[PDB]
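Peer 1:
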Amino acid sequence: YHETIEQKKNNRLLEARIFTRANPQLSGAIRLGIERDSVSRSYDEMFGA
Amino acid sequence: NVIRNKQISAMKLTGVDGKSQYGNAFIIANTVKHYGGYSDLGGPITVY
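Protein sequence lines correspond, in order, to chains C and D. No gaps in the numbering here: position 44 of the first sequence is 93 in the deposited numbering, and each next residue is one more. No gaps in the numbering here: position 34 of the second sequence is 1401 in the deposited numbering, and each next residue is one more.
#1: Considering only residues of the same chain and omitting the five flanking positions on each side of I83 of chain C, which have a CB-CB separation below 6 angstroms?
#2: Can you pull the chain C neighbours of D1407 of chain D, defined as C-beta to C-beta under 8 angstroms?
#3: Which value, in whole angstroms, describes the spacing of the CA atoms of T1381 of chain D and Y50 of chain C?
#4: Whose C-alpha, out of D:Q1388, D:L1408, D:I1395, D:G1385, is nearest the C-alpha of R1371 of chain D?
#5: Please state whether DSSP places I1395 of chain D in a helix, a strand or coil.
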């Protein structure tokens, strides 16, 4: 049960991490300090747009 | 600026033969801005 809940929490954080940088609203003078992670590209190659 | 995020990362890509691209001579745009379209994507930034 504990490992299942921790997996749920980590997946929620991973989804939030990807959406935060993918937000179209941050383009953006703040876009100067945003980098695309390697895990982000794997998500986009999988789920498209 | 635009030079950093895209023009460097284009050079960081491995060549079609592979790899690196380091030490090669490039030719790049001085300034780049968004023209239009359905959306402002990351935008195709070209490095030759």
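Don't be surprised by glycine CBs; every beta carbon is placed ideally from N, CA and C.
Peer 2: Checking against the coordinates, here is how it stands:
#1: In the first sequence, the residue the question calls residue 83 of chain C occupies position 34. Excluding positions up to five away in sequence, the list reads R70.
#2: Position 40 of the second sequence, counted from the first residue, corresponds to residue 1407 of chain D. The answer, in chain order, is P73, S76.
#3: Against the second sequence, residue 1381 of chain D aligns to sequence position 14. Against the first sequence, residue 50 of chain C aligns to sequence position 1. Going from the Cα of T1381 of chain D to the Cα of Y50 of chain C covers about 44 angstroms.
#4: Within the second sequence, the letter at position 4 stands for residue 1371 of chain D. Of the candidates D:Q1388, D:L1408, D:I1395, D:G1385, the one whose C-alpha sits nearest the C-alpha of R1371 of chain D is D:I1395.
#5: Along the second sequence, read from residue 1 onward, the residue named residue 1395 of chain D stands at position 28. Correct three-state label for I1395 of chain D: strand.
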